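Data block below; observations after.
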Amino acid sequence: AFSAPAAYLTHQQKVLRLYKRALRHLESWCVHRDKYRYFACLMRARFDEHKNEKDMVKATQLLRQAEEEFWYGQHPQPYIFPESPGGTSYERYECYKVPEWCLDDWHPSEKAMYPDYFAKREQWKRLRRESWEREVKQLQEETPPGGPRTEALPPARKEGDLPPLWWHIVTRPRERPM
Amino acid sequence: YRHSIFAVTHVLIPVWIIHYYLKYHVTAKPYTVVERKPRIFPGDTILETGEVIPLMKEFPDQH
Amino acid sequence: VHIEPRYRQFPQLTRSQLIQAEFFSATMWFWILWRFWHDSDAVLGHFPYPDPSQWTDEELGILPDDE
Amino acid sequence: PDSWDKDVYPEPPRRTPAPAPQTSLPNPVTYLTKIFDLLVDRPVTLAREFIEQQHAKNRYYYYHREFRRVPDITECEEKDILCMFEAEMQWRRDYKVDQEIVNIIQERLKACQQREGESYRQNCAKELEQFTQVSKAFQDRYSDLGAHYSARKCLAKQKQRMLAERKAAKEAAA
Amino acid sequence: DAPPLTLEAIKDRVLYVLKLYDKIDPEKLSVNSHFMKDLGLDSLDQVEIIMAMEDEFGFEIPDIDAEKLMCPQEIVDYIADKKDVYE
Amino acid sequence: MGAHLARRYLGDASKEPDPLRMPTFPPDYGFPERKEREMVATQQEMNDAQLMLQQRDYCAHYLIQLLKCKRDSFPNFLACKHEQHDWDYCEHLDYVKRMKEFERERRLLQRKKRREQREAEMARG
Amino acid sequence: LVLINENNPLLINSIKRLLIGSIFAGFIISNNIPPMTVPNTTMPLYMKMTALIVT
Amino acid sequence: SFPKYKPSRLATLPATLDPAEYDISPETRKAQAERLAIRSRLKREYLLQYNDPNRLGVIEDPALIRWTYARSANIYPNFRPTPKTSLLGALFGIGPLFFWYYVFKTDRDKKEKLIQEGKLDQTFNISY
Amino acid sequence: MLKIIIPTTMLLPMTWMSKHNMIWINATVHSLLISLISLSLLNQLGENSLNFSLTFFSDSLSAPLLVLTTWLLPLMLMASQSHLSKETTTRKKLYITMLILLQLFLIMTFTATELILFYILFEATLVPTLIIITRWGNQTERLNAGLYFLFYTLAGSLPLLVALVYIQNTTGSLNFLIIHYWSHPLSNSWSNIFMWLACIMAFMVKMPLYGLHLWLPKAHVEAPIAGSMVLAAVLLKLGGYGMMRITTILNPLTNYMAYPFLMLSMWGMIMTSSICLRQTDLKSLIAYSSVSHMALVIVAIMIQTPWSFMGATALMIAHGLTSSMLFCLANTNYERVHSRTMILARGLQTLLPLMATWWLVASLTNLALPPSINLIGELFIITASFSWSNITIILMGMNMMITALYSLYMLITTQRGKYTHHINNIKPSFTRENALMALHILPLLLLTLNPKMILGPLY
Amino acid sequence: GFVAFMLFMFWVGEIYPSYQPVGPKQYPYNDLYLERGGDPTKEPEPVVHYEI
Ligand SMILES: CCCCCCCCCCCCCCCCCC(=O)OC[C@H](COP(=O)([O-])OCC[N+](C)(C)C)OC(=O)CCCCCCCCCCCCCCCCC
Ligand SMILES: CCCCCCCC/C=C\CCCCCCCC(=O)OC[C@H](COP(=O)(O)OCCN)OC(=O)CCCCCCC/C=C/CCCCCCCC
Ligand SMILES: CCCCCCCC/C=C\CCCCCCCC(=O)O[C@H](COC(=O)CCCCCCC/C=C/CCCCCCCC)COP(=O)(O)OCCN
Ligand SMILES: *P(=O)(O)OCC(C)(C)[C@H](O)C(=O)NCCC(=O)NCCSC(=O)CCCCCCCCCCCCC
């Protein structure tokens with residue numbers, strides 16, 4: 044989620060993703076650790092047996108057949124980590140995530156209840172407001188005339204600068220906000 | 125102390141209020157509180173009229 | 052009570068929970084045995100099941116075929 | 002309290018069997034009843050005594066309004082608005098009284114069923130017949146007259162029913 | 070309820086898993102040991118290492134980010150950033 | 001569950017009895033002298049005890065005795081074992097009488113079948 | 440990372456209270472209610488233990 | 002070897018089983034690059050607006066505005082009474098009405114005939 | 001009724017002579033006082049109505065509507081305070097004058113004793129509403145909405161005027177008491193069919209009826225908040241009141257002419273609920289829900305049984321209050337984000353808890369949660385329809401299911417989920433808005449406590 | 135297939151019910167004529183049960 048996607052997935056990426064999916068579904072089928080280790084070793088033996096293949100057409104055909112085999116033999120109810128998409132704990136804490144722009148609508152009494160925090164918050168706000176022009180200038184200098192070709196952002200070249208478009212990434216709510 | 129102060133208010137005041145409401149307002153109107161009549165068995169004593177409900181026949185022994 | 056987490060090791064148990072679990076399992080089995088000793092009829096039946104084939108035509112009121 | 006008419010709201014005599022214990026164990030129900038009498042019944046009785054003493058200090062009365070009888074829509078002439086108005090008001094009051102009579106009979110039936118309990122299908126069959134008669138008469142009188150019912154519409158329905166009955170009687174004994 | 074993670078604990082656990090891997094020599098293993106440049110592994114081994122880390126820490130690393138974690142330090146940084154660990 | 005279901009559904013349903021229509025033969029058919037069942041508990045007694053209509057069978061007096069025993073010795077609910085056993089035995093006797101009725105119907109039907117087959121044989125030759 | 444810990448008094452007491460009621464409640468309830476149905480006293484032996492056999 | 006998966010409207014074909022996912026031409030790569038470029042341009046514009054410190058309000062979405070306008074205010078000008086539209090409108094707007102009219106008329110005629118014949122159980126029906 | 005009529009005609013000069021910064025305070029305070037005064041009309045008799053004079057009379061059907069109007073005026077004033085901050089003093093006074101005139105016309109319409117005066121006032125209510133919509137609406141479609149509203153109403157109501165003057169010439173008087181006592185059956189001929197059509201079609205276009213209802217979404221979406229509040233809560237009930245009044249002289253022909261309108265109303269309930277299922281605009285959803293509820297009221301009035309009129313009155317009052325509350329909530333959300341798209345703003349339960357509570361309560365009242373008067377009216381109508389025929393139960397059941405579906409759908413879409421990241425102008429809810437929602441919701445629960453006051457004259 | 139098979143087997147079991155080899159349950163007083171709501175004025179057809 045933190046990395047900009049590419050235009051397409053290469054053959055190596057396709058086969059690696061298929062290998063990971065097959066291992067995860069095999070672990071779902073093979074509940075016990077020793078049995079899972081045995082069959083995962085067999086699966087990697089198959090992958091290594093097909094590893095060396097100069098013919099890309101034959102490699103693609105093998106990949107297609109392997110994908111068909113995986114879809115036929117997949118676990119109907121595969122194991123999913125609780126926080127992963129589709130998991131039992133996915134998006135559970137999204138209702139507790141409140142942003143700093145909500146935080147600056149507080150009453151003066153509430154703000155006075157937390158004196159030291161808001162001084163640092165004001166420092167952060169000044170730091171944000173003193174860098175936006177440099178960030179936009181750096182972004183517009185490094186773009187091609189046609190426009191961006193990828194969703195990757197440049198870092199900060201100078202010592203006193205900050206990586207452009209950093210505010211929300213840095214100040215995103217914690218994974219357990221409450 | 126906490127359980128005593130919780131038991132007087134939360135239990136003793138509602139029961140007083142409800143008993144007062146039932147005994148003098150709900151039961152002041154007909155048919156508001158209807159009780160299924162008690163079961164009368166043979167060989168019993170009706171307390172209201174001082175009556176005696178007699179026993180049944182002599183059971184034929186079944187072993 | 053404070054329980055320190057363990058890494059790749061069997062967790063730290065407690066004498067109180069051990070004895071309570073054993074006591075309640077023993078209580079369940081004792082109750083089952085005590086009830087079966089006194090109320091075995093509730094599981095094994097109480098009255099015999101009659102065999103219809105052993106009933107006589109005289110007591111069932113079935114006349115001979117000639118009538 | 003018993004500030005209602007026993008004849009209007011009948012109730013069979015209450016037969017409570019006497020307690021005849023066959024065991025030496027104490028009765029938790031009896032002990033809890035004693036506790037309830039000591040803790041609740043006596044304080045509420047004292048409070049009610051005080052309140053009723055305060056009520057008797059100044060005692061005043063209210064009356065039941067009596068309505069005179071007026072000529073009805075049968076005696077009213079056609080297009081006689083005053084007589085029609087009086088007859089309509091009288092008919093509406095009678096309609097409300099009949100509704101409350103039906104309510105009284107239904108209350109009798111419900112109370113009898115609950116009281117009899119497990120043997121209601123036989124014991125409370127006298128209330129069922131009275132309710133059947135009252136319901137049939139009420140339906141025949143104030144049947145489907147609509148949302149704009151009136152004394153004239155009820156009179157028209159009664160005339161139609163009388164004509165039907167007369168025709169049936171004639172075709173039977175003719 | 071559960072004790073919070075720390076950078077040192079995350080590094081210790083990932084190095085523990087890597088030292089339990091049989092294709093890595095524990096004596097030459099460090100936090101900056103590249104899996105392919107100086108450890109002599111390949112894509113399947115890197116995928117298996119990522120899956121082992123997922124099993125160890127009880128969460129899934131997306132394949133878009135998993136293909137770039139070529140160092141134990143990189144794995145530590147990714148886990149700390151995802152779990153919001155700053156100390 | 002039982003062999004009677006198999007006999008009726010995979011055999012001669014005419015010879016097997018019909019539970020919803022039996023008894024078919026007269027009660028005195030084959031019984032020169034048969035005694036009417038006796039009811040101990042009266043209608044008024046059952047009504048006062050408020051027995052359920054399904055419980056007002058010929059075994060109602062034992063049920064009334066059991067209820068009276070249970071009510072009197074309330075705190076000690078482990079008391080009326082004798083009354084419970086008497087009621088259960090009365091119900092058992094009622095059930096075995098029902099089984100006797102079913103068996104009588106079955107063998108009367110099969111005897112009728114034998115008689116009519118013999119009559120058919122006589123008529124044929 | 441083994442974080443197993445069930446030594447909380449609230450959890451233990453709640454499960455314990457619902458545990459005594461999973462052993463000694465059916466007996467009390469069935470022995471303290473009046474008979475609202477006629478029992479099935481007579482039945483074949485193989486039908487009396489049908490539930491146990493299938494279980 | 003294995004049974005084949007047959008896609009449906011509500012059971013669409015997975016991306017790993019799509020035959021076109023394995024027959025890639027150099028033009029397909031160009032199309033994918035163009036799509037990525039468009040997405041990157043839109044993302045850059047949105048991120049600039051989103052990270053602007055002086056912005057206070059809602060970033061208007063032209064795509065959302067177009068969707069809402071097309072679904073509500075753009076239907077009638079682009080409507081032509083073709084035979085398909087005429088038949089579908091007539092059916093879905095008239096057929097249910099006559100169906101329910103026939104059903105209710107039949108039911109009420111049966112009830113009225115029973116009432117007139119005096120063979121309908123109307124006892125205890127004093128609330129209408 | 002002059003004790004209520006005159007204080008409104010005194011609200012007018014008070015509004016025009018008050019200071020520039022005191023107009024809202026004075027109008028709200030005196031509107032609340034007038035509502036308190038109008039609460040006395042709930043003391044109705046059991047047999048005949050309250051005949052104050054030869055011109056005005058009050059009935060068990062008129063009294064709850066008058067109380068609802070007098071209570072609804074100050075809430076509209078509060079909403080106008082909300083959305084008219086930058087207007088000039090004269091234009092604000094003109095807006096308040098329009099609201100006051102509309103309330104006065106509604107009061108006189110509900111208390112009129114003759115059909116021709118009722119028609120005159122019921123048509124007089126068009127001018128203030130049209131002016132309000134086409135003058136203080138926010139978008140371009142307000143002119144088209146005003147045209148559609150005005151012409152639908154007039155095309156409906158002109159044959160009603162012709163029928164009314166014909167009836168007066170034929171019978172002698174249009175006084176309601178006289179036409180009720182001197183009522184005679186209507187024969188089944190073409191002339192009687194067309195007179196029935198004139199009257200009923202006028203009130204059905206006002207109601208509205210399915211197929212004659214597009215003006216309702218057009219006007220309610222494009223009207224300002226006060227206009228939407230008065231259009232949905234009170235102005236829709238003029239048709240129901242008229243039908244409950246005009247059907248006295250249309251029997252027994254109503255037993256034969258009701259089939260097309262009954263089928264239209266039931267299938268319209270179904271169709272409008274299904275439309276509510278897939279609406280991208282919140283105000284359109286609320287408007288179509290209003291259409292469905294009014295169709296149910298139409299069914300009750302057309303079946304015309306004593307159990308159906310009580311349900312009709314209760315449902316009218318409950319729907320008025322619920323629709324006003326829903327429109328107020330939608331207007332608050334709109335004023336926060338300046339857009340009526342429903343999926344634009346989400347996470348509003350995370351951002352505004354109390355407004356989430358108000359949304360939950362309003363949506364629960366909309367789907368007829370017992371023992372609310374919404375459910376009381378709907379259940380009475382359903383029972384009467386079941387007595388009428390035994391497939392209306394099927395239609396009502398599916399309508400109720402879809403109603404719950406779309407109510408909870410709009411609740412979940414607006415309040416639940418992840419908040420929109422780029423919307424950073426969600427300020428905390430104002431005390432004015434919270435008080436507006438509370439004043440909308442509390443009378444509903446109080447009427448639930450005491451339901452006999454809104455069950456009409458057939459109670 | 136599952137739902138259709140279940141419905142078909144339910145119909146088959148309805149037309150081939152399961153029961154026990156016993157006679158009808160016997161009740162006293164004309165099969166409890168008065169207890170079930172019979173008219174006291176009318177006299178029911180007698181129902182007599184005999185021992186066996
Ligand atoms: C008479 C003196 C006896 C010795 C001292 C007893 C304690 C002192 C207090 C007096 C108690 C008097 C007896 C009461 C019952 C005691 C237990 C008993 O007999 O059990 C029998 C039975 C047990 O008998 P059993 O059936 O198990 O016996 C079997 C016997 N064998 C095996 C030999 C055949 O238990 C019960 O009935 C259960 C009682 C449950 C009570 C639950 C708590 C109630 C809490 C009430 C709170 C509210 C109070 C206020 C209400 C009013 C509003 C304010
Ligand atoms: C005819 C004989 C049978 C009649 C039915 C008997 C039912 C017996 C039900 C339990 C007996 C009553 C026990 C009273 C418990 C309530 C007492 C109380 O209020 O709290 C005291 C005390 C402490 O409570 P805390 O939450 O820890 O508060 C701490 C304060 N610092 O309560 C207890 O925990 C007592 C421990 C209970 C032992 C477990 C009992 C399990 C009972 C199982 C069957 C109960 C089923 C319920 C009714 C059955 C019939 C429907
Ligand atoms: C025998 C069992 C019937 C079971 C019914 C099952 C449902 C099928 C009926 C509804 C399906 C739709 C049929 C009507 C919709 C018209 C179809 C259509 O759109 O065809 C047009 C062209 O128009 C036609 O072809 C007309 C052919 C069908 C005409 C049917 C007779 C017309 C009926 C006249 C009455 C209309 C009013 C009905 C309601 C009146 C009130 C009850 C072009 O089609 P395309 O989508 O562009 O191409 C797709 C090719 N597969
Ligand atoms: P790393 O970077 O070292 O490079 C390895 C790869 C594979 C990328 C090679 O560089 C490479 O591309 N080699 C040539 C291409 C090739 O190997 N193609 C064929 C490989 S796919 C294949 O052979 C898979 C077949 C076996 C696995 C099938 C999966 C089916 C099982 C599903 C089970 C699910 C439930 C149990």
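One line per chain: the protein sequences are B9, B6, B2, BK, AC, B7, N5, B4, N4 and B8, in this order.
Each residue of the first sequence is one higher than the one before, starting from 44 at the first, in the authors' numbering.
Each residue of the second sequence is one higher than the one before, starting from 125 at the first, in the authors' numbering.
Each residue of the third sequence is one higher than the one before, starting from 52 at the first, in the authors' numbering.
Each residue of the fourth sequence is one higher than the one before, starting from 2 at the first, in the authors' numbering.
Each residue of the fifth sequence is one higher than the one before, starting from 70 at the first, in the authors' numbering.
Each residue of the sixth sequence is one higher than the one before, starting from 1 at the first, in the authors' numbering.
Each residue of the seventh sequence is one higher than the one before, starting from 440 at the first, in the authors' numbering.
Each residue of the eighth sequence is one higher than the one before, starting from 2 at the first, in the authors' numbering.
Each residue of the ninth sequence is one higher than the one before, starting from 1 at the first, in the authors' numbering.
Each residue of the tenth sequence is one higher than the one before, starting from 135 at the first, in the authors' numbering.
Backbone N, C-alpha and C define an ideal beta-carbon position, used for all residues, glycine too.
Quiz item: When the distance is taken between beta carbons, is residue 142 (chain BK) closer than 8 Å to residue 172 (chain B6)?
Solution: no
Quiz item: Should the segment 125-136 of chain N4 be called in touch with the segment 246-255 of chain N4, which here means at least 3 C-beta pairs below 8 Å?
Solution: No, the segment 125-136 of chain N4 is not in contact with the segment 246-255 of chain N4.
Quiz item: DSSP on residue 56 (chain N4), reduced to helix/strand/coil?
Solution: strand
Practice problem: Quick one: give me the first and last residue of the alpha helix (DSSP H) that residue 127 (chain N4) is part of. | Solution: 126-136
Quiz item: What do you get for residue 159 (chain BK), buried or exposed, if any count of 16 or more other CB atoms within 10 angstroms of its CB means buried?
Solution: Exposed is the call here.
Quiz item: Based on the DSSP output, what are the partners of residue 18 (chain BK) in its beta bridges?
Solution: 170 (chain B6)
Quiz item: Taking the alpha-carbon positions, what's the residue 119 (chain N4) to residue 178 (chain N4) distance?
Solution: 17 Å
Quiz prompt | Where residue 283 (chain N4) meets chain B9, residues with beta-carbon distance less than 7 Å | solution = Chain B9 residues near residue 283 (chain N4): none, gap ~26 Å exceeds 7 Å.
Quiz prompt | Beta-carbon spacing of residue 14 (chain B9), residue 23 (chain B4) below 8 Å | solution = Any property of residue 14 (chain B9) remains undetermined from this structure, which presents chain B9 solely from 44 to 221.
Quiz item: Are residue 262 (chain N4) and residue 302 (chain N4) close, meaning C-beta to C-beta below 8 Å?
Solution: yes
Quiz item: Alpha carbon to alpha carbon, what distance is there between residue 43 (chain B7) and residue 164 (chain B8)?
Solution: Straight-line Cα distance between these residues: approximately 12 Å.
Quiz prompt | Members of the segment 345-358 of chain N4 that neighbour chain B9 once the beta carbon cut-off is set at 7 Å | solution = 350 and 351
Exercise. Measuring only between beta-carbons, confirm whether residue 190 (chain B9) sits less than 8 Å from chain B4.
Key: yes
Quiz prompt | Through-space distance from residue 114 (chain AC) to residue 446 (chain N5), alpha-carbon basis | solution = 41 Å
Quiz item: Between residue 464 (chain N5) and ligand 2, is the CB less than 7 Å from at least one heavy atom?
Solution: yes
Exercise. Answer yes or no: the CB of residue 77 (chain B7) versus the heavy atoms of ligand 1, is any distance below 7 Å?
Key: yes
Self-check item: Chain-ordered neighbours of residue 122 (chain BK) on chain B8, where CB pairs are closer than 8 Å
Solution: 169, 170 and 171
Practice problem: Give the interface partners of residue 7 (chain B4) over in chain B9, defined as CB-CB distance under 9 Å, in chain order. | Solution: For a Cβ distance threshold of 9 Å, nothing in chain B9 lies close to residue 7 (chain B4): the least Cβ distance comes to about 12 Å.
Practice problem: Report the neighbours of residue 97 (chain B7) on chain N5: residues whose CB is nearer than 9 Å to its CB, in chain order. | Solution: Neighbours of residue 97 (chain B7) on chain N5: none; closest Cβ ~11 Å, over 9 Å.
Quiz item: Is residue 416 (chain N4) near ligand 2, going by C-beta to nearest heavy atom under 7 Å?
Solution: Between ligand 2 and residue 416 (chain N4), a heavy atom-to-CB distance of less than 7 Å is absent.
Quiz item: Does DSSP put residue 63 (chain BK) in a helix, a strand or coil?
Solution: coil
Quiz item: Heavy atom of ligand 2 less than 7 Å from the Cβ of residue 399 (chain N5), yes or no?
Solution: A question about residue 399 (chain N5) goes unanswered here, because the residues of chain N5 that appear run from 440 up to 494.
Practice problem: Reducing DSSP to helix, strand and coil, say where residue 470 (chain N5) ends up. | Solution: In the three-state DSSP reduction, residue 470 (chain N5) falls in the helix class (H, G or I).
Quiz item: Taking 7 Å as the cut-off, does the CB of residue 299 (chain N4) come closer than this to any heavy atom belonging to ligand 4?
Solution: Incorrect: residue 299 (chain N4) has no Cβ contact closer than 7 Å to ligand 4.
Practice problem: State yes or no: is the C-beta of residue 105 (chain BK) nearer than 7 Å to some heavy atom of ligand 1? | Solution: no
Quiz item: To which residues of the same chain is residue 157 (chain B6) closer than 8 Å at the C-beta, ignoring the five residues directly before and after it?
Solution: 146, 150 and 151
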